[PDB]
Each structure stands twice: as C-alpha cells, then as structure tokens.
Amino acid sequence: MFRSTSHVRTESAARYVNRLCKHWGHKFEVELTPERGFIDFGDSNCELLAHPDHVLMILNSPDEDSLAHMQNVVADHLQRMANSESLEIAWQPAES
Numbered sequence: 001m002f003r004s005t006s007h008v009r010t011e012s013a014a015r016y017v018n019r020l021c022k023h024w025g026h027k028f029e030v031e032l033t034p035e036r037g038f039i040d041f042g043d044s045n046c047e048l049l050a051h052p053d054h055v056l057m058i059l060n061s062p063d064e065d066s067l068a069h070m071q072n073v074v075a076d077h078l079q080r081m082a083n084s085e086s087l088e089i090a091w092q093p094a095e096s
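This is how it looks when you write it as structure tokens:
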C-alpha cells in the first residue's frame with residue numbers, strides 16, 4: 001500500500017469532484033463530500049480533492065500498477081474538464 005499525490009491549479013474543482021460520484025458511480029463505491037471524491041475499486045483507492053481553485057489527487061494501492069492506475073485515471077479527468085494541454089500535473093512516485 002503505497003501513496004502518491006498530484007497537485008494542480010484548477011477553478012471550480014469541488015464540482016468536478018462531486019460530479020464524479022454521480023458520473024462513475026454506476027457500479028462502484030463513490031463517496032461525495034465537500035472535500036473530495038472517494039472511489040475504491042476494492043484492492044486499491046482513488047480520492048480526489050477539489051477546492052474552488054485547487055485540486056489534489058491521492059491513491060491508495062498495494063501495487064504500483066493499481067497505484068498509477070488510480071493517480072493517472074484522475075489526471076485524465078482534470079484534462080476533460082480543461083481542454084488546452086495534457087493537464088500539467090506533477091505526480092509523485094508514491095513512496096515505496
């Protein structure tokens with residue numbers, strides 16, 4: 001169970017987080033709080049922090065494959081909501 005964190009500067013983020021639980025919450029456990037969107041696939045996790053001007057991405061996974069699968073999946077969501085470039089996001093190794 002390693003943990004990485006991506007930080008990006010986005011506006012109205014909190015909505016893209018709350019909209020995810022309603023978006024992908026079709027066959028998975030998606031929690032919606034005024035802080036982040038929690039979506040666990042079982043043997044891992046993918047949380048998304050979103051404030052009016054900033055967004056955080058944290059994943060909880062026992063394996064990097066999973067780990068990156070989560071930290072990356074989000075990097076994509078920020079891209080759909082921000083058309084201009086491949087979301088400038090700095091992803092951390094996620095510790096060892």
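Counting in the authors' numbering, the sequence shown runs from 1 upward without gaps.
Ideal Cβ placement from N, Cα and C applies to all residues, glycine included.
- Residue 11 carries a coil assignment under DSSP once its states are collapsed to helix, strand and coil.
- With fewer than 16 other CB atoms across the displayed protein chains lying within 10 angstroms of its CB, residue 7 is exposed.
- Between residue 94 and residue 3, the gap from beta carbon to beta carbon is short of 9 Å.
- Positions of the beta strand (DSSP E) runs, each at least 3 residues long and wholly inside the stretch 36-94, are given as 36-40, 46-51, 54-61 in order along the chain.
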